[PDB]
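Take a look at the structure set out below.
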Amino acid sequence: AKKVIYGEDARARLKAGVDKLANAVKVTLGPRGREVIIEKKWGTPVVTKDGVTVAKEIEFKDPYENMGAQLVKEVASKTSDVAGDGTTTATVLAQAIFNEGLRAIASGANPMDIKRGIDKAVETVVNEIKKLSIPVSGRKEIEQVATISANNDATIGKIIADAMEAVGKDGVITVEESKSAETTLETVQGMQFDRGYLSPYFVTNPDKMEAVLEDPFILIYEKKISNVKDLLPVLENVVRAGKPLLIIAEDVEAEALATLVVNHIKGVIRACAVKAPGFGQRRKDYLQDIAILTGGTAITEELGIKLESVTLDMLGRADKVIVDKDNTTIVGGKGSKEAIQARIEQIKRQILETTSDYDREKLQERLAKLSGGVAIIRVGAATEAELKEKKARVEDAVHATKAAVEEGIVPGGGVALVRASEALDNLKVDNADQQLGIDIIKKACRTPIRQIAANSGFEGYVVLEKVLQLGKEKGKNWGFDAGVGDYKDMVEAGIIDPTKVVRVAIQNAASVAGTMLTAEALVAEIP
Amino acid sequence: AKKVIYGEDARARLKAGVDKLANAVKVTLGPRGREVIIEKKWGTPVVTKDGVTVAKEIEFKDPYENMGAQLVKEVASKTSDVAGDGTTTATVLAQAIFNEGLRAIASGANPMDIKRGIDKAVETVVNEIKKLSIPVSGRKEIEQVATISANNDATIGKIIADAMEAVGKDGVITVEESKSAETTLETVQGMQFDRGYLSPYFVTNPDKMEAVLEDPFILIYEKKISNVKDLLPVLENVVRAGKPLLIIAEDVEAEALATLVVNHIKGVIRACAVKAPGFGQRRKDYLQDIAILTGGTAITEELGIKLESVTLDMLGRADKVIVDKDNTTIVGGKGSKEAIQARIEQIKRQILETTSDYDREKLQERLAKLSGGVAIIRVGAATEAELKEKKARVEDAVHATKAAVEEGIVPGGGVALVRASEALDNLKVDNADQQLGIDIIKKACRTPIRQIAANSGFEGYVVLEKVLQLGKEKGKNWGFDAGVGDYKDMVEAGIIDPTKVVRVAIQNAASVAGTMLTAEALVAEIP
Amino acid sequence: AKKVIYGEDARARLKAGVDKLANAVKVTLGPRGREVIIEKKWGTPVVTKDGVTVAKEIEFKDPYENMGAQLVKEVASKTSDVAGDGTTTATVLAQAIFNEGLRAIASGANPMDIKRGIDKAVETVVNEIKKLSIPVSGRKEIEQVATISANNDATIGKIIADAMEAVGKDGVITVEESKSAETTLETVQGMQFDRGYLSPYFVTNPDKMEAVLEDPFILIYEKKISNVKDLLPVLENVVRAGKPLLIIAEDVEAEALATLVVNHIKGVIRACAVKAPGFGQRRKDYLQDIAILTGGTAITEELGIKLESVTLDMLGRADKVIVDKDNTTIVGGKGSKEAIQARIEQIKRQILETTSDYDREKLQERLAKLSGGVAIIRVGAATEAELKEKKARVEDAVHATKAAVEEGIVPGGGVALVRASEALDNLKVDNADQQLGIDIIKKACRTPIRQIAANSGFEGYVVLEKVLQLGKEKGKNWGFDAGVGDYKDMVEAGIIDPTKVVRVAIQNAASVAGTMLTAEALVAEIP
Amino acid sequence: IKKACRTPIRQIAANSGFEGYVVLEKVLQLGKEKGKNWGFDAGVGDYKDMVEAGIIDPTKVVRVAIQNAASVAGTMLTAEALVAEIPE
Ligand SMILES: Nc1ncnc2c1ncn2[C@@H]1O[C@H](COP(=O)(O)OP(=O)(O)NP(=O)(O)O)[C@@H](O)[C@H]1O
Ligand SMILES: Nc1ncnc2c1ncn2[C@@H]1O[C@H](COP(=O)(O)OP(=O)(O)NP(=O)(O)O)[C@@H](O)[C@H]1O
Ligand SMILES: Nc1ncnc2c1ncn2[C@@H]1O[C@H](COP(=O)(O)OP(=O)(O)NP(=O)(O)O)[C@@H](O)[C@H]1O
Ligand SMILES: [Mg+2]
Ligand SMILES: [Mg+2]
Ligand SMILES: [Mg+2]
């Protein structure tokens, strides 16, 4: 059984659902915004300042008010997926557009023309935002962006700025929970995986349980090695060379393992054996990428080369390798330089191909393995409850800092949307209803700065008027510093947000709110 | 347990059910019609302007009112299945016929004679519609039809007009969700399938991961190739020929794959191997269609030819082939021209045979593969909520544009039904009750234009009277432009809709409404 | 469906939940604190004075009051995990910080700045606590710490002091339930495991069912021994040696067992056979540690040495071994001294590595086996109800005594927090709200001493004022002895707490309470 | 008391149809920029000098109102028991 409501009754239910969801989220906006504790069924509750986290948990008893809440939830979800930051701003913008659109529709305006006017206004706003953008120059902007996104935490900003400096432009930063109360940064460089240490006798540094080989050869092979006769010829050539040898295979099993460790123990050779990384199809994907930067050959099953047929020529050359219980890493290799950027390019074009089938971030992980280093930021706190909140802030700053590198930075504190809305006064359309949609966006663009001031204990409209007049008296970048409560140059003060975050938030908010405004009837099941 | 209601009580329940379903659907009619949000149990709600989508979700608690709603739901469902457009118009027509029929029956008319009179009137209306039809001349009518069906979206109309131009008359247009916010058109030509790239070493263009073969042979074979001795004789011949060779087989396994890649790596030959498309019976269906246009032989199991017995003569010839991870395509072939025309005639004659057993659109896909190209329109939007609405509009315009090619165009905005109803004044019958049925259709035919004007903020009867007098003063094609609110020539203004959509809508509406009018008793279970 | 509450209503629910949980726990604080009986679904109820045990069972019907209770439960849980003592003090501190923080927020202070001020104050308090710490000198401080942690039980303190003296610094103390009413201390030294006594005929002391071997050889081997021909050579050369031989193998099966016992019965050789300890991967972990301190070789599978190829050189030497139904222990061996230092050194560094994968305390067990002895304190009582309470007190004192060895001791009775809070008067910050957070910690630090006095029948504020003035008149270590009710030097009187317990309790309490103070909204499911 | 003293001006602004807190902030700013007598006129929505405009009140009315309101509120804050007859 279904019930259908029309007209003002339908919009009243939608507005109530949107408002209730937005009210809970909007309390976390700004530097002086407060946190929301979310009930978890099993275990301790979750305390979070993250906008999309709060929105994902919101559901209502009324079916029609729930429909409004679910639609606006997609604003925060899409913003989080694309930008990773600005979810609270997007939710605030979505509520402002919907509320103003309802007022315009209540005056008799055509909902379709209002949506068309909204679309035109956003295109102008996005173009104005891009013109106001500033490229990231160096560590100063990186640290400033990270500090602001981490809720004005200088400690987090310094760590992330160091992390980006170490891993370079092509690096990948990962955030994990630390086992202690301290927060540490771990950076590794080279092609490293999660195997190694087949036997305890493969030890060269007894003080650290680490096996380090100086100028070692590597053996890339895709199947198990268990026959002694096929295993012998490679070391027969290797012992002639005299350099250490490292085994990367499916498994070194029984007799083949036995002869390798015993021969190593006698001291005639220096060798180690590790498992090859991956499972299923990851075997071909990983070993090929391991072989490309080592200067050797993968010796795959397709090449049709037996173990006895191998020689020193196709064995790759490495400088140093370190093997422990879990981690095996290589410092460098003999692989040609032009090959790695070809693989780097091949992955980047494959991103569009992989996006249709991927479910893991291994697409980016492979890129950073042969192009730089991967940093792991271990967030630590005295108690898990504080750890969850701190880890969320670090992840928010990491995502925001990455976006700043891509599309530059913009003045923070909502000033960028205020400046962009100033260009909407010159935009004119032939349709009166489409003009109303433009006015809706202009009012909505100035909403976030008012909400930030309201959360800080200041009147939103008083701040907005001063910021508007400061654009002409002082400059575009001048705004309101809600942290301490005065007006200053936001860019010089370090209060900046990525251009991507601002652009994504306004585009997502208008897309959902504009679609919602064209509704006339709601169909839902009778409880 | 059952309860039976009779007479006026039975018709009252049916009218309430029909009206409630029609009221929800009719709000989406016209260029200024508004959308309906439909609750979904899991996930975000669906916002749609599509008439049949809204009608499919409607259900009522009262068993007798539900029977009325379910019967009218078949009007929109059948119209969508046959024409793909005009579902809202069909629902509006069905309500008008049922409401007018109830009034005539309440005066004492025979329901059976009313149904007979309705059937006669529809035959006259359909004949008048065909007389008013105009054949599609070129891209201008195609773009105009697509724009109107897409709710006056010029961007969608331009893309679909380009898509039809590229794929020709025999092409197939597919609509898919884009991974980005932009909407793009992708067109491929020739026989292509979803296999390829057996081994990574089959690369001729490292800059695009594409294996392109210049003037290659193809090997059509239906089973696995694993034996070494049977594979060699075909390469012993083509290495004499020297041109590239491509393998289409169930699988190239182990040793047979090993010798192929190693031989290719050494540079003596250039070759690639792909899987045969389809599953189960589809292998036989597809390989024969692959072999027919390449000028070679399928080398099927029935022919009883071993691998060693093959030669160059039965191997087909192709100009270019491109192989990647998923897509393998052929540009041309040596197949005889008269053979494919037989195949397309066979498939078209098999359409009536396939319609009794098919569950997939592969019947048309095979048609366009060897007779033209297939276009994929990737609809993109910032948010999935807007994406679903945009994709629905594109699909509606694609179906409407195809129908316009088949049976021509006719003036839009409900003018065609108004002009057709004018011919019902000259139709006379000997039975008074059958005359009432004719008058029912005449009133119903003029309902959609009134509803469109009502949705646009204009009085329906005032618009209808002006449109009726404009038929004599100006011409048949003159109507009311509800988009801007004036009267103009609909055909010249580009406000046109397919003749098939109009013909199907009136026929389906009268078939169900006429059947319902003959009811006297309703039997339903007691809740 | 969810409901969201804001502002004062949200904090009121949180305060009620925190207070109700804290009120139940706080009745157990101090030497004159009382116990809490906890209902168990099956079996007798549990009577306990342990703070974290009481807190773990607390749950409330109101969803929002439950969120407050669950958050504070993490204070006691984390304190118990890290320190093992002071859970009641941590819960009392957490309630004091939250209650004072609510009052400050109700005056209009910024919650985020209050949290920042709290963090700064705790850093000063922890630094002051470390300055006030005193290292443990010997048995006197060890006995005093154990006595206080065991609720002023001199019998428990004497036993634990003896246990630490026997096992040394690297030893491990285990607490188990005794089968009788008496409490006994059992200490074993050497590498001992839970196997032995394969056959009843391996008896050298018929007065105890103990097989004692004088200067025996041990055979370390990882698989079953069942073939007679491979089994003979190991006795063929040890019978030449003439010393007793002991078998450590996966199993001695059938014929190999038969020839071993029969030859022993004849008196020509002295021998015994035991199973090797561990399951799964524990075989390689344990036999290697067994072989390292005996001076022999593990003869593992990787070494590729057959049974017939063994000799006396690779067999280790030991002084004495005792074998019974369950326990097999070795007194000493021929292992080189520096080898076991490295193994001890290898293990402590492996603690950080195995902490991410371990689920058993075998990390410390392996370290204690070759570095000293392990002690088992068997707690006994007349009835199981008293046994559970007594065992909990012993475990509390064992954990507290271990913490005292690590980070030293500090004056007890809450004096240390009072002295540390005195240093907060000199701490100043530029932010007024951050200053309020400092004052919150200062009041909270003096709460536990007031609660202890309240539980003892004295006025908390009267005691606190006297203790504050005694710091200047007499000294830092002077405090209130709640046991008898007078003021004296706590360090000289033996009322001392570990520095680790005090430091952990204040850090955990502030981490949780500060996080909850920043909340503004609560989201929970509607029941 | 400071919050209470600033309540009647917000109520007057709210009744006339303006935002009370915005009006209060403007009046506070005008105290330093223009003078103490500057305030908000409610008959017409503009800020002007109340003394010059003739919108003035006796100082006895203001003095008595704040004293009387604080007196009754103080007694009710410390009230501990209410005694009333059971109805009917
Ligand atoms: N000191 C400051 N003064 C003024 N505005 C600030 C200051 N610090 C940050 N902001 C602005 O406040 C906003 C960031 O607050 P935040 O609560 O992270 O919003 P969000 O990014 O929309 N939400 P989330 O997705 O949870 O990070 C941006 O518009 C910043 O420019
Ligand atoms: N600008 C216009 N002015 C007047 N009539 C118009 C205009 N644009 C479209 N129409 C008419 O409106 C109808 C199309 O509206 P639409 O809402 O698509 O109806 P439908 O096709 O019955 N429903 P659906 O199945 O959802 O597409 C046709 O009769 C068009 O001829
Ligand atoms: N005789 C005493 N006089 C004064 N204070 C004492 C005395 N004995 C112990 N204390 C103090 O009382 C506290 C220990 O009581 P206890 O009930 O164990 O608290 P807790 O350690 O926080 N709880 P739990 O984790 O259950 O042991 C410490 O602060 C001791 O210094
Ligand atoms: Mg943010
Ligand atoms: Mg349509
Ligand atoms: Mg204790």
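Chains as they are written, first to last, in the numbering used here: chain A, 27 to 553; chain B, 27 to 553; chain C, 27 to 553; chain D, 2 to 89.
Cβ atoms here follow ideal geometry from the backbone N, Cα and C, with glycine treated the same way.
| Asked | Found |
| --- | --- |
| Kindly examine ligand 1 and report whether one of its heavy atoms sits closer than 7 Å to the Cβ of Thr-473 of chain A. | no |
| Looking at the strands, I want to know which residues DSSP matches up with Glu-202 of chain C. | C:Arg-404 |
| Give me, in chain order, the residues of the same chain whose beta-carbon lies closer than 6 Å to that of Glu-65 of chain C; leave out the 5 immediate sequence neighbours on both sides. | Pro-71 |
| Which residues mark the beginning and the end of the beta strand (DSSP E) in which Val-73 of chain B is found? | 72 to 74 |
| Nearest chain D C-beta to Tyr-487 of chain A closer than 8 Å, yes or no? | yes |
| Rank B:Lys-157, B:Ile-370, B:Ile-402 and B:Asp-179 by C-alpha distance to the C-alpha of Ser-204 of chain B and give the top, closest one. | B:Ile-402 |
| Taking 7 Å as the cut-off, is the C-beta of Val-198 of chain C nearer than that to any heavy atom in ligand 3? | no |
| Rounding to the nearest angstrom, what Cα-Cα distance links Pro-232 of chain C and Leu-319 of chain C in this structure? | 29 Å |
| Kindly indicate if chain A contains any beta-carbon less than 8 Å away from that of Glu-26 of chain D. | yes |
| Any C-beta of chain B sitting closer than 8 Å to the C-beta of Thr-381 of chain A? | yes |
| Should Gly-69 of chain A be labelled buried (16 or more other beta-carbon atoms within 10 Å of its own) or exposed? | exposed |
| Span of the beta strand (DSSP E) holding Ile-356 of chain C? | 354 to 356 |
| At 7 Å on the CB atoms, spell out the chain A contacts of residue 26 of chain C, in chain order. | The shown model of chain C, from 27 to 553, leaves out residue 26 of chain C, and the question about it has no answer. |
| Any beta-carbon of chain A closer than 8 Å to the one on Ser-225 of chain B? | yes |
| What's the C-alpha gap between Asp-422 of chain C and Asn-153 of chain C? | 26 Å |
| Are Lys-514 of chain B and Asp-507 of chain B closer than 8 Å when you measure CB to CB? | yes |
| Mapping DSSP to helix, strand and coil, what is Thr-409 of chain B? | coil |
| List the endpoints of the continuous beta strand (DSSP E) containing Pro-137 of chain C. | From DSSP, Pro-137 of chain C is part of no beta strand (DSSP E) but of the alpha helix (DSSP H) over 137 to 158. |
| Which chain A residues are close to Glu-203 of chain B, counting only those with a beta carbon under 7 Å from its beta carbon? | In chain order: nothing, as chain A lies at least about 11 Å away. |
| Taking 7 Å as the cut-off, does the CB of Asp-179 of chain C come closer than this to any heavy atom belonging to ligand 6? | no |
| Spell out a yes or no on whether the stretch 207 to 221 of chain B and the stretch 180 to 196 of chain B are touching, meaning 3 or more CB-CB pairs, one atom from each, closer than 8 Å. | yes |
| Quick check on the DSSP output: what are the complete alpha helix (DSSP H) runs of length 4 or more inside the stretch 346 to 398 of chain B, in order along the chain? | 363 to 380 and 388 to 397 |
| Give the DSSP-derived three-state secondary structure of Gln-460 of chain B in the structure shown. | helix |
| What whole-angstrom Cβ distance do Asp-45 of chain A and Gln-96 of chain A have, given they're in contact under 8 Å? | That belief does not hold up - the Cβ atoms of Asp-45 of chain A and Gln-96 of chain A are roughly 14 Å apart, past 8 Å. |
| Give the interface partners of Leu-283 of chain B over in chain A, defined as CB-CB distance under 7 Å, in chain order. | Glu-328 |
| Taking Cβ-Cβ distances shorter than 8 Å, what residues in chain C pair up with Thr-74 of chain A? | Here the premise fails: no neighbours, minimum Cβ distance about 10 Å. |
| Any Cβ of chain C within less than 8 Å of the Cβ of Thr-181 of chain A? | no |
| Nearest by alpha-carbon distance to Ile-373 of chain B: which of B:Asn-92, B:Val-528 and B:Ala-394 is it? | B:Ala-394 |
| Can you tell me whether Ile-168 of chain C sits near ligand 3, meaning its C-beta is under 7 Å from at least one heavy atom of the ligand? | no |
| How about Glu-551 of chain A: is its C-beta nearer than 8 Å to some C-beta of chain B? | yes |
| Buried or exposed for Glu-432 of chain C, going by 16 or more other Cβ atoms inside 10 Å? | exposed |
| Going by the beta-carbon positions, is the gap between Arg-404 of chain A and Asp-315 of chain A smaller than 8 Å? | no |
| Taking Cβ positions only, does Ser-537 of chain A come closer than 8 Å to chain G? | The structure shown contains no chain G; the protein chains it does contain are A, B, C and D. |
| Just to confirm my understanding: we take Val-24 of chain D, look at its own chain, exclude 5 residues before and 5 after, and list those with CB closer than 8 Å. What are they? | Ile-10, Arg-11, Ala-14 and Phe-41 |
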